[PDB]
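To begin, one chain is listed below as structure tokens, in the form deposited in one PDB entry.
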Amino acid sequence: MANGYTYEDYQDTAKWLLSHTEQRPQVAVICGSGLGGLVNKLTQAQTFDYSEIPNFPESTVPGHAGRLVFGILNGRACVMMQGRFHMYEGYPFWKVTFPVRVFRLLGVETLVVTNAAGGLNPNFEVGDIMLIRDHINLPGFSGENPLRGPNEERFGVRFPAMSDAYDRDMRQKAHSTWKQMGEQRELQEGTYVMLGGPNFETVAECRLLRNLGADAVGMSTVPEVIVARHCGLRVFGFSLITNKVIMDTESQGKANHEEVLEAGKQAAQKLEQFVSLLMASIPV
């Protein structure tokens, strides 16, 4: 069905959270596959299992702890989604994106999204970090959109713009921070295309996706970004290139969630330091 949550449902969850923690984060971070380690840098951390939070869905995917963690990251108060929800789990987008609106009602102003992704751009290598400059919402083309149904004007407008989805200032700061890190490999950047999943792409599909102008492919993020932008949140994020997608038929190989998770560990420290540093650049 279309969005089942009323404005009050979001409000109730927000109030519940506010009454269970003294922390008041202005930044929210959604950790994708193999990126749950970001919470490790949090001090004064308070954890809530998704099942404790009224109205919150459940992370069923491996590598998605399913915990909402409040804490200080590089002197900045934040709330992290250690694990997220995906359409392929059977969740409609209005459920997948539930936390984003709750965050808005908590006083959050900035949303950082991260995910594991397959590289479509041939110049990418496993371990690359790609700053998301733009996206292509394939499910959206068919009408599968978290905003489908009556519009809640207390959140945003009926026809929100998406061309400026990823904050220009933050991406600039992101590049500056990367340089301060003295990293060898250049900070990649590009377009992230989202598809439903859960199966991995065929060679024909990959070629098509690259030809559409996509740099990385995944099964998440985009719906959260759309909902964030609809309610006025500043958004920025990145994809951890966990694998090079098979672009030629029978080229000895096939993607697997194992390599995805395993990759998240080698580049864990990398993006973990990066995100912590970015906290300082996030305004307010």
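Residue numbers here begin at 1 and follow the sequence given. Heads up, when I say rigid core I mean the largest set of C-alphas that superpose within 1.5 Å between the two forms.
Another form, the form deposited in another entry, is not on view; read the next lines as being about it.
> Please name the single residue among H257, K244, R67, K41 whose Cα shifts by at least 2 Å between this form and the one not shown after core superposition.
Correct option: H257.
> Specify closer or farther for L261 and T60: how their Cα atoms are spaced in the other entry versus the shown form, given a shift of 3 angstroms or more.
Those two alpha carbons end up farther apart in the other entry.
> Your call: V260 and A214 CA atoms, closer or farther in the other entry versus the shown structure, by 3 Å or more?
Distance between the C-alphas of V260 and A214: longer in the other entry, by 3 Å or more.
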